[PDB]
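First to last, the protein sequences are chains C, W, E, L, R, G, B, U and Z.
Count the first sequence with this note's numbering and you get residues 1 to 83, in order.
Count the second sequence with this note's numbering and you get residues 1 to 81, in order.
Count the third sequence with this note's numbering and you get residues 1 to 91, in order.
Count the fourth sequence with this note's numbering and you get residues 1 to 91, in order.
Count the fifth sequence with this note's numbering and you get residues 1 to 97, in order.
Count the sixth sequence with this note's numbering and you get residues 1 to 95, in order.
Count the seventh sequence with this note's numbering and you get residues 1 to 14, in order.
Count the eighth sequence with this note's numbering and you get residues 1 to 106, in order.
Count the ninth sequence with this note's numbering and you get residues 1 to 107, in order.
Heads up, the beta-carbon is just placed ideally off N, CA and C, and yes, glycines get one too.
Here is the structure we will look at.
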Amino acid sequence: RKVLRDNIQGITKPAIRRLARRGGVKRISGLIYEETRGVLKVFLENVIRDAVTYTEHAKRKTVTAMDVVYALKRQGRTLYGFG
Amino acid sequence: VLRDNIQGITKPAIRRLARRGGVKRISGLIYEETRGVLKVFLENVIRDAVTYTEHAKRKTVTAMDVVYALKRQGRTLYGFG
Amino acid sequence: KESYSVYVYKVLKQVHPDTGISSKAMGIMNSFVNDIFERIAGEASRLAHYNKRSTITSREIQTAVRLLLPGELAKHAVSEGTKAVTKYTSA
Amino acid sequence: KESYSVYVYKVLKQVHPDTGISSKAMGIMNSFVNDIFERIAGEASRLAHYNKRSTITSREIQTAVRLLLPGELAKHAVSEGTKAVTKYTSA
Amino acid sequence: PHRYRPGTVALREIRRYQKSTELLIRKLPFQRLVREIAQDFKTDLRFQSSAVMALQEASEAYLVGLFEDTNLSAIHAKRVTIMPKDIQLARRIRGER
Amino acid sequence: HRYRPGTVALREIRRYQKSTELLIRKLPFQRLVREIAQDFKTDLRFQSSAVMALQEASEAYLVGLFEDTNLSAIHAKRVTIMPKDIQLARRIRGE
Amino acid sequence: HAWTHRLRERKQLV
Amino acid sequence: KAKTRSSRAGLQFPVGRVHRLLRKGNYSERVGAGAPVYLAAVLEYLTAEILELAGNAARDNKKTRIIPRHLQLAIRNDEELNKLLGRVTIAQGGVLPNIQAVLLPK
Amino acid sequence: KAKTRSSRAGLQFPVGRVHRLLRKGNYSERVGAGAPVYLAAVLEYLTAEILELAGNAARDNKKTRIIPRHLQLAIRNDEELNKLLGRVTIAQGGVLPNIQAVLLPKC
DNA sequence: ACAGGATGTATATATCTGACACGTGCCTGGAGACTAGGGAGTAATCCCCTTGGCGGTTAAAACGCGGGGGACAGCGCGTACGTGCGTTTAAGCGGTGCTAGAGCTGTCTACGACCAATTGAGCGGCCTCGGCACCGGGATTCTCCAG
DNA sequence: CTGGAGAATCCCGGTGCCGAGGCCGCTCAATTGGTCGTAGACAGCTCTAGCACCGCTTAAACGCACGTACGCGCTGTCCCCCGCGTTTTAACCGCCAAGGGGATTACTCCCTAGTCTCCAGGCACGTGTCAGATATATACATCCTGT
Numbered sequence: 001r002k003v004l005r006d007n008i009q010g011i012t013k014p015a016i017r018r019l020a021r022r023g024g025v026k027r028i029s030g031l032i033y034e035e036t037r038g039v040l041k042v043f044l045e046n047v048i049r050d051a052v053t054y055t056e057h058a059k060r061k062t063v064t065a066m067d068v069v070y071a072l073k074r075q076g077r078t079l080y081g082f083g
Numbered sequence: 001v002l003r004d005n006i007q008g009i010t011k012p013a014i015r016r017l018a019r020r021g022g023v024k025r026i027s028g029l030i031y032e033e034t035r036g037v038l039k040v041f042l043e044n045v046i047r048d049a050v051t052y053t054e055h056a057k058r059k060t061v062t063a064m065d066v067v068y069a070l071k072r073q074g075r076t077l078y079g080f081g
Numbered sequence: 001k002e003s004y005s006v007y008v009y010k011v012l013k014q015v016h017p018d019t020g021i022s023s024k025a026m027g028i029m030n031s032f033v034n035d036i037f038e039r040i041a042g043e044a045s046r047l048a049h050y051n052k053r054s055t056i057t058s059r060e061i062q063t064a065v066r067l068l069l070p071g072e073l074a075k076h077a078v079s080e081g082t083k084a085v086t087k088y089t090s091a
Numbered sequence: 001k002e003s004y005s006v007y008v009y010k011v012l013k014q015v016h017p018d019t020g021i022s023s024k025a026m027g028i029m030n031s032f033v034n035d036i037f038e039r040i041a042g043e044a045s046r047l048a049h050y051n052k053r054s055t056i057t058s059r060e061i062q063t064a065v066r067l068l069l070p071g072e073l074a075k076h077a078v079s080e081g082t083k084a085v086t087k088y089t090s091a
Numbered sequence: 001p002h003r004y005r006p007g008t009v010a011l012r013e014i015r016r017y018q019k020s021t022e023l024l025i026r027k028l029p030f031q032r033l034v035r036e037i038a039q040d041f042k043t044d045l046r047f048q049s050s051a052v053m054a055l056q057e058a059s060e061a062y063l064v065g066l067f068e069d070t071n072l073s074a075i076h077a078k079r080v081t082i083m084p085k086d087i088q089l090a091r092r093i094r095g096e097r
Numbered sequence: 001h002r003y004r005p006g007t008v009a010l011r012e013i014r015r016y017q018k019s020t021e022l023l024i025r026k027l028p029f030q031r032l033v034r035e036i037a038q039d040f041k042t043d044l045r046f047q048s049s050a051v052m053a054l055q056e057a058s059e060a061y062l063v064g065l066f067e068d069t070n071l072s073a074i075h076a077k078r079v080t081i082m083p084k085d086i087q088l089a090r091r092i093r094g095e
Numbered sequence: 001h002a003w004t005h006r007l008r009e010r011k012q013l014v
Numbered sequence: 001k002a003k004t005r006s007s008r009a010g011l012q013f014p015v016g017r018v019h020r021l022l023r024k025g026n027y028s029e030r031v032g033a034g035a036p037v038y039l040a041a042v043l044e045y046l047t048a049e050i051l052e053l054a055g056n057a058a059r060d061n062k063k064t065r066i067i068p069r070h071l072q073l074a075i076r077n078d079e080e081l082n083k084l085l086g087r088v089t090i091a092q093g094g095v096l097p098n099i100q101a102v103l104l105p106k
Numbered sequence: 001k002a003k004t005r006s007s008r009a010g011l012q013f014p015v016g017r018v019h020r021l022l023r024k025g026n027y028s029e030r031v032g033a034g035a036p037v038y039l040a041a042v043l044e045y046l047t048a049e050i051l052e053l054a055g056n057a058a059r060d061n062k063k064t065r066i067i068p069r070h071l072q073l074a075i076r077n078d079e080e081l082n083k084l085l086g087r088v089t090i091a092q093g094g095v096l097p098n099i100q101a102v103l104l105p106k107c
């Protein structure tokens, strides 16, 4: 509720398998799943620590979608479709 | 005026770069294949660096025109600015 | 400035006079035009400082187009823009 | 503006009071300082447009430092710069 | 009874998920992940609903970008499965480690 | 006597990773650059430092492939790098 | 010492 | 007689809105007169060829509204737009249908 | 009577030079007073770590004069400066002496 | 392989529905007209430095040869992963409700641009000299096969 | 595998010299000192929309079992690449000369900011309605285990 512990296991095994099959992956070993949790963990930390600092600079308690776009335009991963 | 000139990048010269890269053993088909890489890589830098000189209405490619072309392609080079 | 969606829709009716566009697809085209805008103008600004000038002209943009657009997109858009300037000055 | 080589050499004598620096190594440090300058100022300029302001303050640079410098370089340089501002206003 | 060979259902799904464009992670566990990470930077943050949807659709586009490259690094060295060597290799070539 | 094959190649890696000098002969490099630029605009001129900038950038680019080509060949349980590996490593790189 | 508290080096001695 | 500059130049993108965004963008001290005319042709040209190709893709799926799947298929099946938009992801875009030939039977 | 504003901040980088580069650099319409003071301290801090590390590099190679191999060795032997300068080519830089573990003579 | 059983997959028709396209009012931002001034065009210098050539030294490239180490194909084991079924857990609607805070408006004032007068910090130039480099000379240090 | 073995990297001292490094003038840029005026801080208020909770579906995750196809280790072959030697090519250096073109300076004009008036294009906000989604039955193109 407050501390919000361990939701990285919320990304399940068949959720990862769907993402792999967009890439055209036919066979998946059992050790990908713990690695893939570890990968986007450090991916989201690099995006959120940018997008929060836009909001703290604008003195807001919320985080807008435009702040996320500015964090991703920063890292060479520009989004289209949010402004 | 100038003939086939990519052959000036000699076989031991390509070997020296791979030794600095840390390659212990090199197959034979690479020597006619890295020459196809510089031919791509220089045509993407000299194409940009000429367009700085044509914009500034010069005839000599300066050192900064190379650095501005390299900084644009994400290869920032120090030691010439 | 809020959008380009009027102007995008005029081009779409000009090219494909029957097809339509969803709102989500319009918002991508709206974000698309804004992206290339500060790609070109943000880079043509750097050409002014590299030549110690203070005006951005059509010449400053024409070389900025040749840096950004690869291949035949350069050879068409440069030919496209010079048609617009010569029509603009003659009228 | 032509160089920073006087100011680089003052820092070098302050840190290592015996070592020296070649001219080619000075030209890299000269190009180094110019690179981070428009990394910070070129990005802190974008914070002014994102908040529709027109002044660049120390607050505009402090958040621009926290975006650019990773890890403990952020935690030191922010603490470094606020020492300089408070000394500047008090004197 | 009827039973497909081990690999025909796999190729069936690759044609399925490359055809459609929906978001593949369930929303409420992802929308709970972002508040796990945001607590370590500033307590008591609030999120626009479109801000979280931007975080799926970039991160899902990021992970599919990996599995296109880890697949190539597994076809290279003549395999079909993907070991976690492949993920570790096709991030160190990209320059992420 | 004669060394076993490989031990000389290791000693070069000990040496060329220690030096910083340019590994391509400079005069055939200038002749290469002036004929590539021959195609774009005829009758161009070059500053001498402008070519040396193209020297050091392109050498650092090719070295940049060969530590990533080398990781491709180790990944294939091999030692010899091959043109399969270069075509891989620049394709993951995004070229 | 010029600036030790200002600079960062904790681990390790290399 | 209004006679807007886009109509005066024969374009359809707003020359005035480009000219204001150049001046209110801290790009330079001055902006030339022919400069926003030249941008408005280029931006109108690039949006013409995407809607050319995306209109072809919507016809191939027997639809009339262009959906952002069609923008994804229009860009990724053109090699010059791929070099322009390599670092760009598209929301609700998806991936090209592409299966590696090694994985196919048998 | 001079009392240069960099000396008021207790720095060595020229605050007045930085303030001039911000104004004619076309970054905004206005530049605050505390802005070039805060920026010059940051630029001083970054040079103060490279020259401290490259100074240790030349001392380890028994030389009293930093040449740009020492800048290459000082940057690439971190993880923060390496991350900051990950796409930077240094003139006359060379490579770290790295050899893969598989490419070694067995026994 | 053939075949047919079986399973998906495509196809056609029908029927909702809600988002798209269109219309309207309005308003504020673009156009017109004009003035002022300075940025930039242009001509004319200078003179740096780039191109071209030459001759000699010699390091490096090229070539050939022999051999062995590595690539690669083949084979076999066996286990880890797909397929599928049954069970179970939450995601997902959708509906309600609360209030935090985002957004906006209106003052107002401190802060930065601008200016003019005024130095001195920093550039250029010019010196010297010593750090580093090259040379030579052993001095350890791996590498190597014949035992 | 040990052992001299030859080869090689290291440490050593010695010339020695060119490039750091510290002088010198000196001038152009930073500083001081005021002075507008407006950007921005701040208070106040509106109300959106985000958080929280509810239940109730049911799709999707989970767990389990099974067989099998792939990973992986092993072996053997051979050939392709390394190492070494000899020979040849041309990079490199130093020197020289010529002039193109970069760089700078005056000069002047034409272009653009700026102001004000003016007004119509393009916003917000509406509203019908058809493209599309969903469903259902049909026809079809699959995989595949048998024979």
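{"Check": "Alpha helix (DSSP H) segments (min. 4 residues) lying fully within the region 17-59 of chain C", "Outcome": "32-57"}
{"Check": "Cβ neighbours of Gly93(Z) in the same chain (closer than 8 Å, five flanking residues each side left out)", "Outcome": "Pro68, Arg69, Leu71, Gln72"}
{"Check": "Collapsed DSSP secondary structure at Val3(C) in the structure displayed", "Outcome": "coil"}
{"Check": "Contact list for the region 64-83 of chain C against chain E, Cβ threshold 8 Å", "Outcome": "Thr78, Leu79, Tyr80, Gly81, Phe82, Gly83"}
{"Check": "Below-8 Å beta-carbon distance, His76(R) vs any chain G residue", "Outcome": "yes"}
{"Check": "Alpha-carbon spacing of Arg3(R) relative to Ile14(R), whole angstroms", "Outcome": "19 Å"}
{"Check": "Cβ-based contacts, 8 Å cut-off: residues of the region 50-61 of chain Z near chain B", "Outcome": "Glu52"}
{"Check": "Helix, strand or coil at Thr47(U) according to DSSP, with G and I counted as helix", "Outcome": "helix"}
{"Check": "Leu28(R) versus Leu62(G): straight-line alpha-carbon distance, rounded", "Outcome": "46 Å"}
{"Check": "For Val95(Z), three-class secondary structure by DSSP", "Outcome": "coil"}
{"Check": "Contact check, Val6(L) vs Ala48(Z), beta carbons under 8 Å", "Outcome": "no"}
{"Check": "Which residues DSSP lists as bridging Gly20(E), in chain order", "Outcome": "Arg65(U)"}
{"Check": "Proximal residues, the region 13-29 of chain W versus chain Z, C-beta separation under 9 Å", "Outcome": "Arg20, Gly21, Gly22, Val23, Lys24, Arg25"}
{"Check": "Beta-carbon proximity check, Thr89(U) vs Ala58(R), cutoff 8 Å", "Outcome": "yes"}
{"Check": "Meets three-Cβ-pair contact criterion under 8 Å: the region 94-103 of chain Z and the region 18-29 of chain W", "Outcome": "yes"}
{"Check": "Chain Z within 8 Å of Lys10(L), Cβ atoms only", "Outcome": "yes"}
{"Check": "Simplified DSSP state of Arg46(R), which is helix, strand or coil", "Outcome": "strand"}
{"Check": "Chain Z contact residues for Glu72(L), given Cβ-Cβ distances below 8 Å", "Outcome": "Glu80"}
{"Check": "8 Å Cβ cutoff, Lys24(L) in contact with chain Z", "Outcome": "yes"}
{"Check": "Spatially closest choice to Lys13(C) from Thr64(C), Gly83(C), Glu35(C), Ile48(C), by CA coordinates", "Outcome": "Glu35(C)"}
{"Check": "Burial state of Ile99(U), where buried means 16 or more other Cβ atoms lie within 10 Å", "Outcome": "exposed"}
{"Check": "Burial state of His76(L) (16 or more Cβ within 10 Å)", "Outcome": "buried"}
{"Check": "Residues bridged to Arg30(Z) (per DSSP)", "Outcome": "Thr55(L)"}
{"Check": "Inter-residue CB distance, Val34(R) and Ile11(C) (contact presumed, cutoff 8 Å)", "Outcome": "The pair is not a contact, with the Cβ atoms about 12 Å apart (cut-off 8 Å)."}
{"Check": "Neighbouring residues, chain Z, relative to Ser19(G) (Cβ below 8 Å)", "Outcome": "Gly94"}
{"Check": "Contact set between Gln12(Z) and chain G, taken where Cβ atoms lie within less than 8 Å", "Outcome": "What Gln12(Z) touches in chain G: nothing, since even the nearest Cβ is about 30 Å away."}
{"Check": "Closer than 8 Å to chain G by CB, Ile75(Z)", "Outcome": "no"}
{"Check": "Completely contained alpha helix (DSSP H) runs for the region 2-31 of chain G, where each covers 4 or more residues", "Outcome": "7-16"}
{"Check": "Endpoints, beta strand (DSSP E) assigned at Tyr9(L)", "Outcome": "That residue, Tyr9(L), is in no beta strand (DSSP E); its alpha helix (DSSP H) goes 5-15."}
{"Check": "Under 7 Å by beta carbon: chain R residues contacting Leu65(G)", "Outcome": "Those within 7 Å of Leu65(G) in chain R number zero; the least Cβ separation is about 10 Å."}
{"Check": "Closer than 8 Å to chain Z by CB, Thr63(L)", "Outcome": "no"}
{"Check": "Under 7 Å from the C-beta of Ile13(G): neighbouring residues of chain Z", "Outcome": "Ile99"}
{"Check": "Beta carbon of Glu60(L) nearer than 8 Å to that of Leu47(L)", "Outcome": "yes"}
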